[PDB]
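Visitor: Attaching a single structure in structure tokens format; questions to follow.
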Amino acid sequence: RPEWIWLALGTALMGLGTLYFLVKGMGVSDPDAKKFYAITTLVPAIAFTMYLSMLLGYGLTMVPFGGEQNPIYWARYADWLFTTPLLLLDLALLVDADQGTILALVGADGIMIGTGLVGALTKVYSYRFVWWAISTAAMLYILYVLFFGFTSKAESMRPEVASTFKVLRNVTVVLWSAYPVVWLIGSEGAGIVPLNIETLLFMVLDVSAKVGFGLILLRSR
Amino acid sequence: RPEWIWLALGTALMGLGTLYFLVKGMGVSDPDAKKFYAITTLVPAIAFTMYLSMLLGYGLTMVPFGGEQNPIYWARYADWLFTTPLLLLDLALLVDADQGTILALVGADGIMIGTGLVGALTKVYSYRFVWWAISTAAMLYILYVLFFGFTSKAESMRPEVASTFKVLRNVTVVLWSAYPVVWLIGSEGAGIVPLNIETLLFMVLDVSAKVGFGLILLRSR
Amino acid sequence: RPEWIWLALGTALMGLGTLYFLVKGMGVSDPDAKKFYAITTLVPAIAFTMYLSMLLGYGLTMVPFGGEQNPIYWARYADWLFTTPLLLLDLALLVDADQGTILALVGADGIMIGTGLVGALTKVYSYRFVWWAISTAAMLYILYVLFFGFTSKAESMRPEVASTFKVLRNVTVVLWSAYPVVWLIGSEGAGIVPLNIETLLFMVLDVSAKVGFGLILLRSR
Ligand SMILES: *C/C=C(C)/C=C/C=C(C)/C=C/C1=C(C)CCCC1(C)C
Ligand SMILES: *C/C=C(C)/C=C/C=C(C)/C=C/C1=C(C)CCCC1(C)C
Ligand SMILES: *C/C=C(C)/C=C/C=C(C)/C=C/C1=C(C)CCCC1(C)C
């Protein structure tokens, strides 16, 4: 399938973006700046790793459904499993948040990725959609604590902090909305948009969120 | 098997108890109160999720043993894997504990659930019992740091704190004792009590611990 | 295979070393000393658990490669998955480190064990070596933050602290270097050194690192 030219493209970028933040953060003496550079460079590194497994083949196993065996891309749920909490912990660290607030976000996020995978590998039943919906519920709570909650706290900060968070939250809500759209439309969902294109859309939102988020946040607060 | 009318019953309650703490905690402005509401609502939510997987079928795979294939309910070990550390972290957060104390509890608890699963899915050998015993050892240490350790620290607090912890520890030790009893007696163990009843007993202790713990603790400290 | 007399030997020692730190730490009233005893006794306990699974057989599954099915010892990647971050968190706790510093070490370590396993269970392709190399990269970063980074901070402490860290870092860098050597030379890698001997080498470095590290650090700071 031509999807290899999208995995190949991704592994290239994610790996480069990792090598990029790796050399930029080599100077950070400051603790807080050192900290943000920690999360932000940890998320792209993982993306590369999984994208390699995805391309090489390890992260691809045929799963029954209906009457035919379909191309499951479970490695995506491994990337997302860690990559995601780190990105949320990132924002909450910036916009000084509560242990209750961060522990719950990452809690509902963990339900977001896990519930998602469960339905991604559901035996064969069209019960997949039910899990999709549970993930939707979860993601709705996530973008609520993010949007409305944090912004208020973003007003307790200097213009830089309120600004970076502004763009970051924007990018974060928008990108995280397109994900479940690409999922339902493609493989795991119906099959309307083929895997080739689905894998491109996901690779696009993936390179977008993780590297964009890095470049925008990394811009000195 | 009639066990579906126990999974169905559970998923109903766990999910409702989740929706309940979800609406009660919407008002918590205070940080500490916000925090406890975080753990306490995170544990029931997970229980529901897994109970759905349990009912729908995902969390049920046939495993060899002796000469016949048996009904393994591994999803229980996924629920317990997270649900448990959160409940211990809960109590230790109330009765102000040490990083050494909490990190070790959750450490021995993680050995409690993992060792448990290993023997729950042991190939076919009657080596299952050995793992059971290791879990017993682990759980003994757990109820020791809980009972004797924390109570002493419960005396350094206001009557509310010493009180809630009192009932909470009571409920926690009692319920956590019945669990390994139901395990040895049923499926994974001998087969004395059928799965139908075992699944009821587990669903009872499950709805009991998680929702009861929530209602009792949630009662303002 | 005679490798059972190495797993048996290991499970014996690891379990004993666990029982040893368990009785020594029963007196620690001090918080910090209590804390270090927490990590240090948690790592050996896990080693025993997995070594039992390794011996009994659970942690051994035949995997295709080339044309013949090979003896994969995945349980090692379960031990290492947790045992390792705990040992690094240990050193960083001693030589007062940053959240950025500890979160990144444990981050690159998690990539160390995961990437390692991925290639340990790679379908059959000689793509195993590529993952080996990624692990090498990861481990290189790890021993860099350890060696050069921490030592500088080791100079901000009393002679005891600078001393224990000295020996600990020595033992840690040396032992962690022999590991990937034993891996490439044996099973997962080429097949030069048989599993019998490989399992001995690994059991030696395992009993060495975890119990030695414990004895040396546990020596009052
Ligand atoms: C770097 C990668 C990021 C930020 C990935 C984020 C992924 C999601 C927010 C995924 C959400 C999903 C659902 C809500 C339901 C279907 C499954 C997912 C994972 C596509
Ligand atoms: C909400 C669920 C809770 C609090 C579940 C707790 C479960 C246990 C304490 C289980 C203990 C077990 C053993 C000691 C050995 C056999 C396996 C278990 C999981 C039944
Ligand atoms: C108690 C056990 C310890 C400290 C184990 C440490 C193991 C390692 C540092 C392993 C490193 C590896 C690689 C760099 C590549 C091949 C796979 C490993 C796990 C052998």
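Ordered as shown in the structure tokens, chains take letters A, B, and onward, while each chain numbers its residues from 1 and ligands are numbered from 1 in the order shown.
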Could you name the residues that touch stretch 140-157 of chain C at 10 Å or less, counting only C-alpha atoms, but leaving out those on the same chain fewer than 2 positions away, as a VMD selection string?
Guide: chain C and resid 88 91 to 92 94 to 97 101 to 102 104 to 109 112 134 to 138 159 to 166 169 to 170 172 to 174 176 to 177
Visitor: May I ask you to write as a PyMOL selection string all residues lying at most 6 Å from ligand 2, with only C-alpha atoms and all ligand atoms counted?
Guide: chain B and resi 80+83-84+113+116+132+135-136+139+176+179-180+183+206+209-210
Visitor: Between A:69, A:199, A:220, A:208, which has the minimum distance to ligand 1 (counting only C-alpha atoms and all ligand atoms)?
Guide: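 Using only C-alpha atoms and all ligand atoms, ligand 1 sits closest to A:208.
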Visitor: Find, counting only C-alpha atoms, the residue in A:196, A:122, A:99, A:29 that gets nearest to chain C.
Guide: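 Among the listed residues, A:29 lies closest to chain C.
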Visitor: Kindly indicate which residue among C:30, C:198, C:98, C:68 lies nearest to ligand 3, using only C-alpha atoms and all ligand atoms for the distances.
Guide: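 Looking at the shortest contact to ligand 3, the residue is C:198.
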Visitor: I'd like the neighbourhood of residue A:16 as a list in words, where a residue qualifies if any of its atoms comes within 12 Å (using only C-alpha atoms), though same-chain residues fewer than 3 positions away should be ignored.
Guide: residues 9, 10, 11, 12, 13, 19, 20, 21, 22, 23, 41, 44, 45, 47, 48, 49, 207, 210 and 211 of chain A
Visitor: Determine, counting only C-alpha atoms, which protein, DNA and RNA residues have an atom within 7 Å of an atom of residue C:62; residues of the same chain fewer than 5 positions away are not included. Present the result as a list in words.
Guide: residues 69, 70, 71 and 72 of chain C
Visitor: Hey, can you spit out that residue selection with C-alpha atoms as an mmCIF file, in the first residue's frame?
Guide:
```cif
data_model
loop_
_atom_site.group_PDB
_atom_site.id
_atom_site.type_symbol
_atom_site.label_atom_id
_atom_site.label_comp_id
_atom_site.auth_asym_id
_atom_site.auth_seq_id
_atom_site.Cartn_x
_atom_site.Cartn_y
_atom_site.Cartn_z
ATOM 1 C CA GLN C 69 11.723 -21.023 16.488
ATOM 2 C CA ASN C 70 13.831 -19.343 19.176
ATOM 3 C CA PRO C 71 13.633 -19.038 23.010
ATOM 4 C CA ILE C 72 12.437 -15.546 23.804
#
```
